[PDB]
file target-v2.cif (mmCIF, C-alpha atoms and all ligand atoms; chains and numbers go by the auth columns)
data_structure
#
loop_
_atom_site.group_PDB
_atom_site.id
_atom_site.type_symbol
_atom_site.label_atom_id
_atom_site.label_comp_id
_atom_site.label_asym_id
_atom_site.label_seq_id
_atom_site.Cartn_x
_atom_site.Cartn_y
_atom_site.Cartn_z
_atom_site.B_iso_or_equiv
_atom_site.auth_seq_id
_atom_site.auth_asym_id
ATOM 1 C CA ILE A 1 -64.676 -27.764 101.391 0.00 1 A
ATOM 2 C CA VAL A 2 -67.689 -29.664 100.194 0.00 2 A
ATOM 3 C CA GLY A 3 -68.706 -32.855 101.929 0.00 3 A
ATOM 4 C CA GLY A 4 -66.137 -32.581 104.699 0.00 4 A
ATOM 5 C CA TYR A 5 -66.346 -32.121 108.424 0.00 5 A
ATOM 6 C CA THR A 6 -65.500 -29.557 111.079 0.00 6 A
ATOM 7 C CA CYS A 7 -61.859 -30.070 111.833 0.00 7 A
ATOM 8 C CA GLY A 8 -61.867 -28.945 115.437 0.00 8 A
ATOM 9 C CA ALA A 9 -60.197 -25.854 116.676 0.00 9 A
ATOM 10 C CA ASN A 10 -56.448 -25.714 115.929 0.00 10 A
ATOM 11 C CA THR A 11 -56.402 -29.372 114.845 0.00 11 A
ATOM 12 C CA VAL A 12 -54.637 -28.384 111.595 0.00 12 A
ATOM 13 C CA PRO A 13 -52.061 -25.968 113.108 0.00 13 A
ATOM 14 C CA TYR A 14 -50.111 -25.267 109.866 0.00 14 A
ATOM 15 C CA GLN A 15 -53.286 -23.936 108.135 0.00 15 A
ATOM 16 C CA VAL A 16 -53.234 -20.185 107.654 0.00 16 A
ATOM 17 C CA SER A 17 -55.820 -17.725 106.322 0.00 17 A
ATOM 18 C CA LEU A 18 -54.621 -15.039 103.998 0.00 18 A
ATOM 19 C CA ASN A 19 -56.536 -11.825 104.749 0.00 19 A
ATOM 20 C CA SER A 20 -56.680 -8.506 102.712 0.00 20 A
ATOM 21 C CA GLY A 21 -59.582 -7.083 104.755 0.00 21 A
ATOM 22 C CA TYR A 22 -61.351 -10.462 104.470 0.00 22 A
ATOM 23 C CA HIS A 23 -60.225 -14.124 104.063 0.00 23 A
ATOM 24 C CA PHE A 24 -59.444 -14.854 100.468 0.00 24 A
ATOM 25 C CA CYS A 25 -57.172 -17.915 100.305 0.00 25 A
ATOM 26 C CA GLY A 26 -55.500 -20.530 102.544 0.00 26 A
ATOM 27 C CA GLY A 27 -51.789 -21.204 102.922 0.00 27 A
ATOM 28 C CA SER A 28 -49.469 -23.492 104.867 0.00 28 A
ATOM 29 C CA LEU A 29 -46.789 -22.458 107.400 0.00 29 A
ATOM 30 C CA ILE A 30 -43.535 -24.178 106.467 0.00 30 A
ATOM 31 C CA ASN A 31 -41.298 -22.501 109.092 0.00 31 A
ATOM 32 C CA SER A 32 -41.567 -19.584 111.484 0.00 32 A
ATOM 33 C CA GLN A 33 -41.067 -16.966 108.823 0.00 33 A
ATOM 34 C CA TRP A 34 -42.591 -18.506 105.587 0.00 34 A
ATOM 35 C CA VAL A 35 -45.905 -19.599 104.187 0.00 35 A
ATOM 36 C CA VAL A 36 -46.482 -21.339 100.918 0.00 36 A
ATOM 37 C CA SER A 37 -49.747 -20.739 98.987 0.00 37 A
ATOM 38 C CA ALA A 38 -51.064 -20.619 95.392 0.00 38 A
ATOM 39 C CA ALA A 39 -49.612 -18.112 92.925 0.00 39 A
ATOM 40 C CA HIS A 40 -53.229 -17.381 91.746 0.00 40 A
ATOM 41 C CA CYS A 41 -53.794 -16.060 95.289 0.00 41 A
ATOM 42 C CA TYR A 42 -51.197 -13.317 94.847 0.00 42 A
ATOM 43 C CA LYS A 43 -52.112 -9.789 95.827 0.00 43 A
ATOM 44 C CA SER A 44 -50.326 -6.967 97.570 0.00 44 A
ATOM 45 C CA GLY A 45 -51.098 -6.101 101.248 0.00 45 A
ATOM 46 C CA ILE A 46 -51.569 -9.585 102.587 0.00 46 A
ATOM 47 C CA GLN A 47 -51.861 -10.288 106.307 0.00 47 A
ATOM 48 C CA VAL A 48 -51.226 -13.886 107.363 0.00 48 A
ATOM 49 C CA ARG A 49 -53.548 -15.187 110.072 0.00 49 A
ATOM 50 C CA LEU A 50 -52.167 -18.073 112.032 0.00 50 A
ATOM 51 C CA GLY A 51 -53.843 -20.108 114.893 0.00 51 A
ATOM 52 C CA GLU A 52 -57.310 -19.523 113.380 0.00 52 A
ATOM 53 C CA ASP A 53 -60.414 -21.590 113.821 0.00 53 A
ATOM 54 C CA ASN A 54 -63.415 -19.297 113.515 0.00 54 A
ATOM 55 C CA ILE A 55 -62.098 -16.622 111.105 0.00 55 A
ATOM 56 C CA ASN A 56 -64.875 -14.204 112.118 0.00 56 A
ATOM 57 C CA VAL A 57 -64.236 -14.395 115.948 0.00 57 A
ATOM 58 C CA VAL A 58 -61.103 -13.623 117.969 0.00 58 A
ATOM 59 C CA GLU A 59 -60.783 -16.827 120.054 0.00 59 A
ATOM 60 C CA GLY A 60 -57.443 -16.128 121.632 0.00 60 A
ATOM 61 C CA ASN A 61 -54.845 -18.273 119.774 0.00 61 A
ATOM 62 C CA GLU A 62 -54.444 -16.122 116.645 0.00 62 A
ATOM 63 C CA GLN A 63 -51.315 -14.398 115.392 0.00 63 A
ATOM 64 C CA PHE A 64 -51.813 -11.740 112.704 0.00 64 A
ATOM 65 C CA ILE A 65 -48.564 -10.886 110.797 0.00 65 A
ATOM 66 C CA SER A 66 -48.185 -8.776 107.671 0.00 66 A
ATOM 67 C CA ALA A 67 -46.298 -10.214 104.706 0.00 67 A
ATOM 68 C CA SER A 68 -43.011 -8.484 103.975 0.00 68 A
ATOM 69 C CA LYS A 69 -42.565 -10.063 100.546 0.00 69 A
ATOM 70 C CA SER A 70 -44.333 -12.341 98.131 0.00 70 A
ATOM 71 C CA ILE A 71 -42.541 -14.554 95.615 0.00 71 A
ATOM 72 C CA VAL A 72 -44.555 -16.094 92.757 0.00 72 A
ATOM 73 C CA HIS A 73 -42.945 -19.000 91.041 0.00 73 A
ATOM 74 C CA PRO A 74 -40.772 -17.828 88.073 0.00 74 A
ATOM 75 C CA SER A 75 -42.696 -20.138 85.623 0.00 75 A
ATOM 76 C CA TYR A 76 -46.199 -19.520 86.957 0.00 76 A
ATOM 77 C CA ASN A 77 -48.612 -19.298 83.943 0.00 77 A
ATOM 78 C CA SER A 78 -51.865 -17.662 84.882 0.00 78 A
ATOM 79 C CA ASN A 79 -53.519 -18.878 81.729 0.00 79 A
ATOM 80 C CA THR A 80 -53.059 -22.556 82.574 0.00 80 A
ATOM 81 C CA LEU A 81 -52.273 -22.414 86.280 0.00 81 A
ATOM 82 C CA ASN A 82 -49.130 -24.329 85.647 0.00 82 A
ATOM 83 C CA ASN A 83 -46.684 -23.818 88.594 0.00 83 A
ATOM 84 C CA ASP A 84 -49.405 -22.456 90.824 0.00 84 A
ATOM 85 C CA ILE A 85 -47.196 -21.806 93.883 0.00 85 A
ATOM 86 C CA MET A 86 -45.928 -18.794 95.764 0.00 86 A
ATOM 87 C CA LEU A 87 -43.958 -18.046 98.945 0.00 87 A
ATOM 88 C CA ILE A 88 -44.874 -15.377 101.442 0.00 88 A
ATOM 89 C CA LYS A 89 -42.387 -14.129 104.078 0.00 89 A
ATOM 90 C CA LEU A 90 -43.778 -12.819 107.377 0.00 90 A
ATOM 91 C CA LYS A 91 -42.521 -9.436 108.690 0.00 91 A
ATOM 92 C CA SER A 92 -41.838 -11.080 112.067 0.00 92 A
ATOM 93 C CA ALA A 93 -41.453 -14.724 113.016 0.00 93 A
ATOM 94 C CA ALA A 94 -44.496 -16.617 114.085 0.00 94 A
ATOM 95 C CA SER A 95 -44.521 -17.865 117.631 0.00 95 A
ATOM 96 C CA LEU A 96 -44.516 -21.540 117.190 0.00 96 A
ATOM 97 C CA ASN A 97 -46.848 -23.516 119.622 0.00 97 A
ATOM 98 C CA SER A 98 -49.220 -26.434 119.663 0.00 98 A
ATOM 99 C CA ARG A 99 -51.755 -24.348 117.691 0.00 99 A
ATOM 100 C CA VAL A 100 -49.332 -22.594 115.287 0.00 100 A
ATOM 101 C CA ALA A 101 -46.994 -25.172 113.800 0.00 101 A
ATOM 102 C CA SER A 102 -45.124 -25.727 110.585 0.00 102 A
ATOM 103 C CA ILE A 103 -45.696 -28.621 108.197 0.00 103 A
ATOM 104 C CA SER A 104 -42.790 -30.436 106.632 0.00 104 A
ATOM 105 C CA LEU A 105 -41.944 -30.341 102.971 0.00 105 A
ATOM 106 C CA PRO A 106 -41.934 -33.594 101.019 0.00 106 A
ATOM 107 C CA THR A 107 -38.669 -35.396 100.713 0.00 107 A
ATOM 108 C CA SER A 108 -40.346 -37.248 97.575 0.00 108 A
ATOM 109 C CA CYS A 109 -43.612 -37.487 95.681 0.00 109 A
ATOM 110 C CA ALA A 110 -46.578 -39.318 97.077 0.00 110 A
ATOM 111 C CA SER A 111 -48.121 -42.308 95.379 0.00 111 A
ATOM 112 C CA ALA A 112 -51.682 -42.681 93.938 0.00 112 A
ATOM 113 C CA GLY A 113 -54.042 -43.962 96.666 0.00 113 A
ATOM 114 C CA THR A 114 -52.238 -42.239 99.549 0.00 114 A
ATOM 115 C CA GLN A 115 -54.864 -40.645 101.829 0.00 115 A
ATOM 116 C CA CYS A 116 -54.487 -36.943 102.337 0.00 116 A
ATOM 117 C CA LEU A 117 -56.031 -34.219 104.551 0.00 117 A
ATOM 118 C CA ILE A 118 -57.366 -31.192 102.665 0.00 118 A
ATOM 119 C CA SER A 119 -58.517 -28.149 104.679 0.00 119 A
ATOM 120 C CA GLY A 120 -59.959 -24.609 104.331 0.00 120 A
ATOM 121 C CA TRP A 121 -62.635 -22.019 104.736 0.00 121 A
ATOM 122 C CA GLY A 122 -63.994 -22.242 101.212 0.00 122 A
ATOM 123 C CA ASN A 123 -67.616 -22.770 100.045 0.00 123 A
ATOM 124 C CA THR A 124 -69.273 -25.919 101.507 0.00 124 A
ATOM 125 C CA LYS A 125 -71.997 -26.235 98.743 0.00 125 A
ATOM 126 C CA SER A 126 -71.511 -28.003 95.359 0.00 126 A
ATOM 127 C CA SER A 127 -74.422 -25.878 94.053 0.00 127 A
ATOM 128 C CA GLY A 128 -75.009 -22.435 95.424 0.00 128 A
ATOM 129 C CA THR A 129 -73.047 -20.683 98.156 0.00 129 A
ATOM 130 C CA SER A 130 -72.372 -21.108 101.845 0.00 130 A
ATOM 131 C CA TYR A 131 -69.080 -20.159 103.530 0.00 131 A
ATOM 132 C CA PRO A 132 -68.157 -21.576 106.914 0.00 132 A
ATOM 133 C CA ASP A 133 -66.748 -19.631 109.780 0.00 133 A
ATOM 134 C CA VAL A 134 -64.775 -22.570 111.259 0.00 134 A
ATOM 135 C CA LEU A 135 -62.147 -24.633 109.466 0.00 135 A
ATOM 136 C CA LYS A 136 -63.420 -27.592 107.394 0.00 136 A
ATOM 137 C CA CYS A 137 -61.448 -30.803 106.690 0.00 137 A
ATOM 138 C CA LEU A 138 -61.681 -33.559 104.073 0.00 138 A
ATOM 139 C CA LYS A 139 -59.796 -36.902 103.840 0.00 139 A
ATOM 140 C CA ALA A 140 -59.258 -37.682 100.142 0.00 140 A
ATOM 141 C CA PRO A 141 -56.916 -40.032 98.246 0.00 141 A
ATOM 142 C CA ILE A 142 -54.518 -39.019 95.499 0.00 142 A
ATOM 143 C CA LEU A 143 -55.948 -40.156 92.179 0.00 143 A
ATOM 144 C CA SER A 144 -54.016 -41.761 89.417 0.00 144 A
ATOM 145 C CA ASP A 145 -52.465 -39.499 86.867 0.00 145 A
ATOM 146 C CA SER A 146 -54.559 -41.181 84.150 0.00 146 A
ATOM 147 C CA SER A 147 -57.868 -40.520 85.868 0.00 147 A
ATOM 148 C CA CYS A 148 -56.740 -36.940 86.518 0.00 148 A
ATOM 149 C CA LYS A 149 -55.771 -36.338 82.865 0.00 149 A
ATOM 150 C CA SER A 150 -58.925 -38.108 81.618 0.00 150 A
ATOM 151 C CA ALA A 151 -61.048 -35.814 83.752 0.00 151 A
ATOM 152 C CA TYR A 152 -59.293 -32.645 82.366 0.00 152 A
ATOM 153 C CA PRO A 153 -57.927 -33.455 78.887 0.00 153 A
ATOM 154 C CA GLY A 154 -55.222 -31.139 77.720 0.00 154 A
ATOM 155 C CA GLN A 155 -54.933 -29.267 81.078 0.00 155 A
ATOM 156 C CA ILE A 156 -52.928 -31.380 83.481 0.00 156 A
ATOM 157 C CA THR A 157 -49.188 -30.884 83.633 0.00 157 A
ATOM 158 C CA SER A 158 -46.523 -32.778 85.528 0.00 158 A
ATOM 159 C CA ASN A 159 -46.829 -30.003 88.135 0.00 159 A
ATOM 160 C CA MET A 160 -50.436 -30.948 88.999 0.00 160 A
ATOM 161 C CA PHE A 161 -52.229 -33.903 90.553 0.00 161 A
ATOM 162 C CA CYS A 162 -55.833 -34.755 91.294 0.00 162 A
ATOM 163 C CA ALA A 163 -57.237 -35.861 94.682 0.00 163 A
ATOM 164 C CA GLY A 164 -60.732 -36.714 95.677 0.00 164 A
ATOM 165 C CA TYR A 165 -63.546 -38.891 94.496 0.00 165 A
ATOM 166 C CA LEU A 166 -64.604 -39.445 90.955 0.00 166 A
ATOM 167 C CA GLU A 167 -68.153 -40.040 92.218 0.00 167 A
ATOM 168 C CA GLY A 168 -68.291 -36.408 93.388 0.00 168 A
ATOM 169 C CA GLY A 169 -69.846 -35.155 96.639 0.00 169 A
ATOM 170 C CA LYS A 170 -66.482 -34.454 98.490 0.00 170 A
ATOM 171 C CA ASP A 171 -63.945 -31.848 97.182 0.00 171 A
ATOM 172 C CA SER A 172 -62.192 -28.519 97.811 0.00 172 A
ATOM 173 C CA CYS A 173 -63.904 -25.418 96.556 0.00 173 A
ATOM 174 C CA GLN A 174 -63.674 -21.586 96.095 0.00 174 A
ATOM 175 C CA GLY A 175 -61.842 -19.961 99.037 0.00 175 A
ATOM 176 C CA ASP A 176 -59.900 -23.125 99.821 0.00 176 A
ATOM 177 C CA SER A 177 -57.333 -22.120 97.113 0.00 177 A
ATOM 178 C CA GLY A 178 -53.756 -21.874 98.348 0.00 178 A
ATOM 179 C CA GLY A 179 -54.383 -24.193 101.283 0.00 179 A
ATOM 180 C CA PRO A 180 -52.844 -27.542 102.181 0.00 180 A
ATOM 181 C CA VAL A 181 -53.101 -31.127 100.978 0.00 181 A
ATOM 182 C CA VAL A 182 -51.095 -33.113 103.586 0.00 182 A
ATOM 183 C CA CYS A 183 -50.274 -36.748 103.114 0.00 183 A
ATOM 184 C CA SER A 184 -48.076 -38.884 105.464 0.00 184 A
ATOM 185 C CA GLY A 185 -47.265 -35.787 107.384 0.00 185 A
ATOM 186 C CA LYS A 186 -45.887 -33.850 104.388 0.00 186 A
ATOM 187 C CA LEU A 187 -47.296 -30.921 102.360 0.00 187 A
ATOM 188 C CA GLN A 188 -47.870 -32.674 99.019 0.00 188 A
ATOM 189 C CA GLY A 189 -50.439 -30.359 97.477 0.00 189 A
ATOM 190 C CA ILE A 190 -51.706 -26.771 97.333 0.00 190 A
ATOM 191 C CA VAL A 191 -55.393 -26.260 96.468 0.00 191 A
ATOM 192 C CA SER A 192 -55.304 -24.944 92.932 0.00 192 A
ATOM 193 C CA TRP A 193 -58.305 -25.344 90.646 0.00 193 A
ATOM 194 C CA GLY A 194 -61.034 -27.579 89.236 0.00 194 A
ATOM 195 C CA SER A 195 -64.256 -27.624 87.265 0.00 195 A
ATOM 196 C CA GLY A 196 -66.844 -26.589 89.847 0.00 196 A
ATOM 197 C CA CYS A 197 -66.766 -28.466 93.162 0.00 197 A
ATOM 198 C CA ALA A 198 -67.684 -32.059 94.107 0.00 198 A
ATOM 199 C CA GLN A 199 -69.127 -32.919 90.650 0.00 199 A
ATOM 200 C CA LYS A 200 -68.816 -36.362 89.142 0.00 200 A
ATOM 201 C CA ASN A 201 -65.525 -36.984 87.235 0.00 201 A
ATOM 202 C CA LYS A 202 -64.224 -33.496 88.177 0.00 202 A
ATOM 203 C CA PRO A 203 -61.927 -33.935 91.168 0.00 203 A
ATOM 204 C CA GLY A 204 -59.869 -31.106 92.602 0.00 204 A
ATOM 205 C CA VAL A 205 -56.512 -30.207 90.973 0.00 205 A
ATOM 206 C CA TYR A 206 -53.565 -29.492 93.243 0.00 206 A
ATOM 207 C CA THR A 207 -50.112 -28.077 92.724 0.00 207 A
ATOM 208 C CA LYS A 208 -47.597 -30.924 93.044 0.00 208 A
ATOM 209 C CA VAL A 209 -45.344 -29.560 95.858 0.00 209 A
ATOM 210 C CA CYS A 210 -42.769 -32.342 95.644 0.00 210 A
ATOM 211 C CA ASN A 211 -41.637 -30.788 92.304 0.00 211 A
ATOM 212 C CA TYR A 212 -40.789 -27.518 94.093 0.00 212 A
ATOM 213 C CA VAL A 213 -38.835 -28.550 97.115 0.00 213 A
ATOM 214 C CA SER A 214 -35.466 -27.408 95.709 0.00 214 A
ATOM 215 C CA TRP A 215 -36.967 -24.087 94.632 0.00 215 A
ATOM 216 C CA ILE A 216 -38.608 -23.508 97.972 0.00 216 A
ATOM 217 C CA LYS A 217 -35.490 -24.278 100.037 0.00 217 A
ATOM 218 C CA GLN A 218 -33.248 -22.245 97.724 0.00 218 A
ATOM 219 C CA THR A 219 -35.622 -19.301 97.562 0.00 219 A
ATOM 220 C CA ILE A 220 -36.133 -19.037 101.325 0.00 220 A
ATOM 221 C CA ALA A 221 -32.372 -19.488 101.974 0.00 221 A
ATOM 222 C CA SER A 222 -31.729 -16.468 99.678 0.00 222 A
ATOM 223 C CA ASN A 223 -34.541 -14.202 100.981 0.00 223 A
HETATM 224 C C1 LIG B . -65.601 -20.726 89.796 0.00 1 B
HETATM 225 N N1 LIG B . -64.903 -21.621 90.728 0.00 1 B
HETATM 226 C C2 LIG B . -64.672 -22.955 90.114 0.00 1 B
HETATM 227 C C3 LIG B . -64.063 -23.970 91.097 0.00 1 B
HETATM 228 N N2 LIG B . -62.970 -23.268 91.824 0.00 1 B
HETATM 229 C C4 LIG B . -62.211 -24.143 92.632 0.00 1 B
HETATM 230 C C5 LIG B . -61.239 -23.614 93.472 0.00 1 B
HETATM 231 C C6 LIG B . -60.484 -24.465 94.259 0.00 1 B
HETATM 232 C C7 LIG B . -60.676 -25.821 94.186 0.00 1 B
HETATM 233 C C8 LIG B . -61.598 -26.389 93.328 0.00 1 B
HETATM 234 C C9 LIG B . -61.707 -27.912 93.336 0.00 1 B
HETATM 235 N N3 LIG B . -63.115 -28.333 93.233 0.00 1 B
HETATM 236 C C10 LIG B . -62.369 -25.510 92.582 0.00 1 B
HETATM 237 C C11 LIG B . -63.209 -21.930 92.421 0.00 1 B
HETATM 238 C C12 LIG B . -63.651 -21.047 91.277 0.00 1 B
HETATM 239 CA CA CA B . -60.440 -16.358 114.971 0.00 2 B
HETATM 240 CL CL CL B . -37.394 -30.848 93.582 0.00 3 B
#

call {"tool": "encode", "arguments": {"input": "target-v2.cif", "output": "structure tokens"}}
result
Amino acid sequence: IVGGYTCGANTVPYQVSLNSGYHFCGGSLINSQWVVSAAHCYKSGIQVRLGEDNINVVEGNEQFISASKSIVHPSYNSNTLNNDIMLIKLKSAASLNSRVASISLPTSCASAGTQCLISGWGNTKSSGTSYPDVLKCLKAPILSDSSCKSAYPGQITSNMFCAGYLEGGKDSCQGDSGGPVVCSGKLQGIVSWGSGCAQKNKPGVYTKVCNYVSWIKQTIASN
């Protein structure tokens, strides 16, 4: 996250870190046994880390649980990042508590202008590299579909939306991928891609979760 702030320990209790010997992507806990993340985050041998604040220090509220299965969306296109969503099932159920909590799925799509909370352990510099140890947060509005498609002509599908600031300075960035965009208490977005981070007229692009609600509920009911 570039231009954000230190969330505070366990203040975003649905945020997970996906770890394959190191943190590589975020995700969001949607019930005790399932996480949703970005399909571009897929790899085998994922461990889900719940209850994290400093991802380099055991602070005492973590749960570490290996994934038993991964399910990439059937229409995910790695060329275009269309349908950039996957589900990960935990081998054992998370212990739900004030620090490890699920986030609800959207019952509908959010409007342009709705303020959202975006969070992660990705790079905090728009030029160069610095990765935080503690979780970083950003409040950012959903942008209109026209400003999103203007910013990235020929690349935005109906399964994507933009959020952020056209003036730059505040954005998600590398290592935030897969993590949550929460608006009105629902998971509306998954951090997906962009052109650099926090640059003018290049806001972040997010997978539009409200298009996937039926697929998520059907897929977890059958798995
Ligand atoms: C080479 N980078 C380019 C920018 N990427 C990125 C990843 C997530 C979110 C955003 C939104 N700013 C950008 C990471 C890979
Ligand atoms: Ca920790
Ligand atoms: Cl749907």

call {"tool": "residues_around", "arguments": {"input": "target-v2.cif", "residues": "range 16-29 of chain A", "least_positions_apart": "4", "cutoff": "8 Å", "atoms": "only C-alpha atoms", "output": "number ranges by chain"}}
result
A: 34-38, 41, 45-52, 55, 101-103, 120-121, 175-180, 190

call {"tool": "residues_near_ligand", "arguments": {"input": "target-v2.cif", "ligand": "ligand CA 2 (chain B)", "cutoff": "6 Å", "atoms": "only C-alpha atoms and all ligand atoms", "output": "PDB file with C-alpha atoms, keeping the file's coordinate frame"}}
result
ATOM      1  CA  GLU A  52     -57.310 -19.523 113.380  1.00  0.00           C
ATOM      2  CA  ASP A  53     -60.414 -21.590 113.821  1.00  0.00           C
ATOM      3  CA  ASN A  54     -63.415 -19.297 113.515  1.00  0.00           C
ATOM      4  CA  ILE A  55     -62.098 -16.622 111.105  1.00  0.00           C
ATOM      5  CA  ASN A  56     -64.875 -14.204 112.118  1.00  0.00           C
ATOM      6  CA  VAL A  57     -64.236 -14.395 115.948  1.00  0.00           C
ATOM      7  CA  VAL A  58     -61.103 -13.623 117.969  1.00  0.00           C
ATOM      8  CA  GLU A  59     -60.783 -16.827 120.054  1.00  0.00           C
TER       9      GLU A  59
END

call {"tool": "residues_near_ligand", "arguments": {"input": "target-v2.cif", "ligand": "ligand CL 3 (chain B)", "cutoff": "9 Å", "atoms": "only C-alpha atoms and all ligand atoms", "output": "ChimeraX atom specification"}}
result
/A:107-108,209-216

call {"tool": "resolve_selection", "arguments": {"input": "target-v2.cif", "expression": "the PyMOL selection byres (((chain A and resi 4) around 12) and not hetatm)", "output": "ChimeraX atom specification"}}
result
/A:1-3,5-7,117-126,132,135-140,164,169-173,198

call {"tool": "residues_around", "arguments": {"input": "target-v2.cif", "residues": "range 182-184 of chain A", "least_positions_apart": "2", "cutoff": "7 Å", "atoms": "all atoms listed in the file", "output": "PDB file with C-alpha atoms, in the coordinates of the input"}}
result
ATOM      1  CA  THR A 114     -52.238 -42.239  99.549  1.00  0.00           C
ATOM      2  CA  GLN A 115     -54.864 -40.645 101.829  1.00  0.00           C
ATOM      3  CA  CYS A 116     -54.487 -36.943 102.337  1.00  0.00           C
ATOM      4  CA  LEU A 117     -56.031 -34.219 104.551  1.00  0.00           C
ATOM      5  CA  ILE A 118     -57.366 -31.192 102.665  1.00  0.00           C
ATOM      6  CA  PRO A 180     -52.844 -27.542 102.181  1.00  0.00           C
ATOM      7  CA  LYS A 186     -45.887 -33.850 104.388  1.00  0.00           C
ATOM      8  CA  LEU A 187     -47.296 -30.921 102.360  1.00  0.00           C
ATOM      9  CA  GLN A 188     -47.870 -32.674  99.019  1.00  0.00           C
ATOM     10  CA  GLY A 189     -50.439 -30.359  97.477  1.00  0.00           C
TER      11      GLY A 189
END

call {"tool": "axis_aligned_box", "arguments": {"input": "target-v2.cif", "around": "ligand LIG 1 (chain B)", "padding_each_side": "8 Å", "output": "JSON"}}
result
{"center_x": -63.0, "center_y": -24.5, "center_z": 92.0, "size_x": 21.1, "size_y": 23.6, "size_z": 20.5}

call {"tool": "residues_around", "arguments": {"input": "target-v2.cif", "residues": "range 147-161 of chain A", "least_positions_apart": "4", "cutoff": "6 Å", "atoms": "only C-alpha atoms", "output": "list in words"}}
result
residues 201, 202, 205, 206, 207 and 208 of chain A

call {"tool": "atom_distance", "arguments": {"input": "target-v2.cif", "atom1": "CA of residue 95 in chain A", "atom2": "CA of residue 11 in chain A"}}
result
16.8 Å

call {"tool": "closest_residue", "arguments": {"input": "target-v2.cif", "among": "A:113, A:106, A:168, A:185", "to": "ligand LIG 1 (chain B)", "atoms": "only C-alpha atoms and all ligand atoms"}}
result
A:168

call {"tool": "closest_residue", "arguments": {"input": "target-v2.cif", "among": "A:65, A:93, A:12, A:39", "to": "residue 77 in chain A", "atoms": "all atoms listed in the file"}}
result
A:39

call {"tool": "atom_distance", "arguments": {"input": "target-v2.cif", "atom1": "CA of residue 162 in chain A", "atom2": "CA of residue 78 in chain A"}}
result
18.7 Å

call {"tool": "closest_residue", "arguments": {"input": "target-v2.cif", "among": "A:200, A:218, A:8, A:42", "to": "ligand LIG 1 (chain B)", "atoms": "all atoms listed in the file"}}
result
A:200

call {"tool": "atom_distance", "arguments": {"input": "target-v2.cif", "atom1": "CA of residue 165 in chain A", "atom2": "CA of residue 82 in chain A"}}
result
22.3 Å

call {"tool": "resolve_selection", "arguments": {"input": "target-v2.cif", "expression": "the PyMOL selection byres (((chain A and resi 88-92) around 6) and not hetatm)", "output": "MDAnalysis selection string"}}
result
chainID A and resid 33:35 66:70 87 93

call {"tool": "residues_around", "arguments": {"input": "target-v2.cif", "residues": "residue 112 in chain A", "least_positions_apart": "2", "cutoff": "6 Å", "atoms": "all atoms listed in the file", "output": "number ranges by chain"}}
result
A: 114, 142-144

call {"tool": "build_atoms", "arguments": {"input": "target-v2.cif", "residues": "range 157-170 of chain A", "atoms": "N, CA and C atoms", "output": "compact mmCIF listing (two decimals), keeping the file's coordinate frame"}}
result
# COMPACT_ATOMS: atom_id res chain seq x y z
N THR A 157 -50.62 -30.75 83.82
CA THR A 157 -49.19 -30.88 83.63
C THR A 157 -48.52 -31.76 84.68
N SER A 158 -47.23 -32.00 84.54
CA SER A 158 -46.52 -32.78 85.53
C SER A 158 -46.42 -32.07 86.87
N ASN A 159 -46.81 -30.77 86.90
CA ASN A 159 -46.83 -30.00 88.14
C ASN A 159 -48.21 -29.97 88.82
N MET A 160 -49.11 -30.86 88.42
CA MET A 160 -50.44 -30.95 89.00
C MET A 160 -50.77 -32.38 89.36
N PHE A 161 -51.61 -32.56 90.34
CA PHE A 161 -52.23 -33.90 90.55
C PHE A 161 -53.66 -33.71 91.01
N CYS A 162 -54.44 -34.79 90.85
CA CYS A 162 -55.83 -34.76 91.29
C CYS A 162 -55.97 -35.55 92.61
N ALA A 163 -56.96 -35.10 93.43
CA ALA A 163 -57.24 -35.86 94.68
C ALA A 163 -58.69 -35.71 94.88
N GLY A 164 -59.29 -36.76 95.52
CA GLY A 164 -60.73 -36.71 95.68
C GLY A 164 -61.39 -38.02 95.23
N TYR A 165 -62.70 -37.68 94.70
CA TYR A 165 -63.55 -38.89 94.50
C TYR A 165 -64.16 -38.65 93.18
N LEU A 166 -64.01 -39.65 92.28
CA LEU A 166 -64.60 -39.44 90.96
C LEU A 166 -66.15 -39.42 90.98
N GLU A 167 -66.71 -40.00 92.07
CA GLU A 167 -68.15 -40.04 92.22
C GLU A 167 -68.73 -38.68 92.64
N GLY A 168 -67.85 -37.72 92.98
CA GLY A 168 -68.29 -36.41 93.39
C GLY A 168 -68.63 -36.42 94.87
N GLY A 169 -69.23 -35.31 95.30
CA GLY A 169 -69.85 -35.16 96.64
C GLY A 169 -68.88 -34.54 97.63
N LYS A 170 -67.46 -34.84 97.46
CA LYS A 170 -66.48 -34.45 98.49
C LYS A 170 -65.31 -33.83 97.71
